[PDB]
């Protein structure tokens, strides 16, 4: 039932996904996927989906994400739109107003860095400060883990960061959609299909997920995507990332000081 | 730019030998011009390959999963909408009372072919629109020469056709709004429902499209069996000419706000 109670993510590798006797199944070796009990199903190259399976995924509120190598985003499908105009119009009202936007963004910063932003800065200036601090954190991680690093982008390490954060984004997009909001309307990031997903995921990214990418990349894996995905599955379970994302999305918007729906 | 919408049913969609193609229930292979349409509505019995999805996403074409002939929408690509400029344009217009009323007045004009009366709230315009529905049916009956005793295997050929033709109105309209890049739930006349903007646009399409085409079908009827007439009535949204008008109608409605469109 609710997102809080679900498995984070399942990956489907290469065959046909279909519905047989009402059950969601992958076929090469038939395999039952418990589609209602997972937040996000990831579809790797060489996977074909039937109309029935896409429909049942939407029905039970389970996001479908098509990915390529290193989990790069190909596409997603789900229930059409937020069902509630009051949630959508609240988010849009916050995004469209410059003073309200700034409030949301200052709250995102504070939660990201555990300390409030310097006072009386614009959105653009806070992005610079955030940028600078993030580049320092990657460089410090590279040093600690003994990884060669010429910056964020194909380096093994950049493949690992990509695969890892692509996982987080899928689970973040699930939660945003469950909350009734639009992935495309962001506050820090703007102008991309997943703007809001980036804003929310970036708050929490560096707790364990990006660290784990370094931990894995220092073993010099040849084909890292598989190991990274299983580490992220483990992390989402142990950290209870889903239970964490739901209230974070509402706390961030509430910073605008507009009465929520 | 791209306004065409197409349906695909009972077949496999894939990229074979470089070409984006449908292999239909018979085994015939047809090229689908994916980059040249705004939306592909995938009906039951479709199977899409990962490479087909990837090409559609590259060229920015929406995939929507629907019931037969558009009866309803079960899922959509890029959920919530791919573009913030479109979604924030719609919201801006919906949130400002002055802009909202201008949009609703444009809705009125497209529905009735003439300006509404000058000083009327959204609620009054809705009462008037309701006031005139009997007249519209009567005018279209006379336009097609079809005997008409009013809106009602339920009875009159013309009334059965109207009902069948109305059947996929809401699903196709919802698909067209998703294709134009807007939120179904953010309406202007109707508000508070998951499909409030669908209702607004579908009220226009019902008398600009559905009812005339139903009269057209009833009129040209040489006493065909009613099972066949009913099926052609249900299928009115399969025409390419019809489908192509829907996105531009939606843009025309929202453009009456006088804000520069995305």
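Protein chains in written order, with the numbering used here: chain Y, 3 to 263; chain B, 4 to 265. Here a beta-carbon is modelled for each residue, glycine too, at the ideal position from N, C-alpha and C.
| field | Contact residues within the region 79-92 of chain B, judged by C-beta distance below 7 Å to chain Y | value | Listed by position along the chain: 79, 80, 81, 82, 83, 84, 85, 86, 87, 90 and 91.
| From residue 2/Y to residue 216/Y, what distance separates their C-alpha atoms? | Residue 2/Y lies beyond the range of chain Y shown here (3 to 263); nothing can be said about it.
| task | Could you tell me whether the Cβ atoms of residue 23/B and residue 37/B are closer together than 7 Å? | result | As a working mapping, residue 23/B is identified with position 20 in the second chain. As a working mapping, residue 37/B is identified with position 34 in the second chain. Going by C-beta atoms, residue 23/B is nearer than 7 Å to residue 37/B.
| List, in order along the chain, the chain C residues whose C-beta lies closer than 8 Å to that of residue 48/Y? | The structure shown contains no chain C; its protein chains are Y and B.
| task | Go through the region 113-164 of chain B residue by residue and report every complete run of the alpha helix (DSSP H) that reaches 4 residues or more, in order. | result | The region 113-164 of chain B contains these whole alpha helix (DSSP H) runs: 125-134 and 136-147.
| task | Give a yes or no on whether the C-beta atoms belonging to residue 76/B and residue 153/B are separated by under 7 Å. | result | Looking up residue 76/B in the second chain gives position 73. Looking up residue 153/B in the second chain gives position 150. Against a cut-off of 7 Å, the Cβ pair of residue 153/B and residue 76/B comes out as no contact.
| request: Examine chain B for any beta-carbon lying closer than 7 Å to the beta-carbon of residue 22/Y, and answer yes or no. | output: In the first chain, the residue the question calls residue 22/Y occupies position 20. Chain B contact via Cβ: absent.
| Quick one: what's got a C-beta closer than 7 Å to residue 236/B's C-beta in the same chain, skipping five residues either side? | Within the second chain, numbered from 1, the residue matching residue 236/B stands at position 233. Result list for residue 236/B: 164, 167, 168, 217 and 220, in chain order.
| said: Counting only Cβ pairs nearer than 7 Å, list the residues of chain B close to residue 193/Y. | reply: For the purposes of this step, residue 193/Y is taken as the residue at position 191 of the first chain. Chain-ordered, the chain B residues with CB closer than 7 Å to the CB of residue 193/Y read 87.
| task | Pull up the DSSP beta-bridge partners for residue 65/Y, would you. | result | Taking the first residue of the first chain as 1, we reach residue 65/Y at position 63. Answer is 42/Y.
| Beta-carbon neighbours of residue 68/B, restricted to chain Y and to distances below 7 Å | Looking up residue 68/B in the second chain gives position 65. By Cβ distance, chain Y contributes 53, 56 and 57.
| query | Thinking C-beta only, is residue 107/B closer than 7 Å to residue 125/B? | reply | Counting from one through the second chain, the residue named residue 125/B turns up at place 122. Counting from one through the second chain, the residue named residue 107/B turns up at place 104. A distance below 7 Å separates the beta carbons of residue 125/B and residue 107/B.
| field | Rounded C-alpha distance that separates residue 90/B from residue 178/B | value | On the second chain, position 87 is the one that residue 90/B refers to. On the second chain, position 175 is the one that residue 178/B refers to. Rounded to the nearest angstrom, the two C-alpha atoms are 15 Å apart.
| said: Can you list, in chain order, the residues of its chain with a C-beta nearer than 6 Å to that of residue 238/B? Leave out the 5 residues immediately preceding and following it. | reply: Translated into the one-based positions of the second chain, residue 238/B becomes position 235. If we look at residue 238/B and ignore the five residues flanking it on each side, its Cβ neighbours are 72.
| request: May I ask which residues mark the beginning and end of the beta strand (DSSP E) holding residue 238/Y? | output: Numbered from 1 along the first chain, position 236 holds the residue referred to as residue 238/Y. Run containing residue 238/Y: none in the beta strand (DSSP E); it sits in the alpha helix (DSSP H), 227-241.
| said: Once DSSP output is grouped into helix, strand and coil, what is the label at residue 77/Y? | reply: By one-based count along the first chain, residue 77/Y stands at place 75. Collapsing the DSSP output to three states places residue 77/Y in a strand.
| field | Proximity winner among 49/Y, 101/Y, 18/Y and 157/Y, relative to residue 225/Y (alpha-carbon distances) | value | The residue labelled residue 225/Y in the question sits at position 223 within the first chain. Ranking 49/Y, 101/Y, 18/Y and 157/Y by CA distance to the CA of residue 225/Y puts 157/Y first.
| said: Can you tell me which residues form a DSSP beta bridge with residue 22/Y? | reply: Stepping through the first chain from its first residue, residue 22/Y is reached at position 20. Bridge partners of residue 22/Y: 25/Y.
| said: Contact defined as beta carbons within less than 8 Å: I believe residue 268/Y pairs with residue 96/Y. What is the distance between those atoms, to the nearest angstrom? | reply: No information on residue 268/Y is available, as it lies outside the stretch 3 to 263 that chain Y covers here.
| query | Does the distance from the CB of residue 62/B to the CB of residue 251/B come in under 7 Å? | reply | On the second chain, position 59 is the one that residue 62/B refers to. On the second chain, position 248 is the one that residue 251/B refers to. Result no, Cβ atoms of residue 62/B and residue 251/B do not sit closer than 7 Å.
| Cβ neighbours of residue 110/Y in the same chain (closer than 7 Å, five flanking residues each side left out) | Taking the first chain and counting its residues from 1, one reaches residue 110/Y at position 108. The residues are 189, 190, 201, 205 and 254.
| query | Are at least three pairs of beta-carbons, each pair with one atom in the region 9-17 of chain B and one in the region 4-19 of chain Y, less than 8 Å apart? | reply | The answer is no - the region 4-19 of chain Y does not touch the region 9-17 of chain B, with fewer than three Cβ pairs under 8 Å.
| task | Mark residue 30/B as exposed unless 16 or more other C-beta atoms lie within 10 angstroms of its C-beta, in which case mark it buried. | result | Taking the first residue of the second chain as position 1, residue 30/B is located at position 27. Around the beta-carbon of residue 30/B, fewer than 16 other beta-carbon atoms lie within 10 Å, marking it exposed.
| said: Give me, in chain order, the residues of the same chain whose beta-carbon lies closer than 6 Å to that of residue 86/B; leave out the 5 immediate sequence neighbours on both sides. | reply: Counting from 1 along the second chain, the entry for residue 86/B is found at position 83. Answer for residue 86/B: 184, listed in chain order.
| query | Out of curiosity, what's the CA-to-CA distance linking residue 33/Y and residue 115/B? | reply | Here residue 33/Y corresponds to residue number 31 of the first chain, with the count starting at 1. Here residue 115/B corresponds to residue number 112 of the second chain, with the count starting at 1. Rounded to whole angstroms, residue 33/Y to residue 115/B spans 56 Å at the Cα level.
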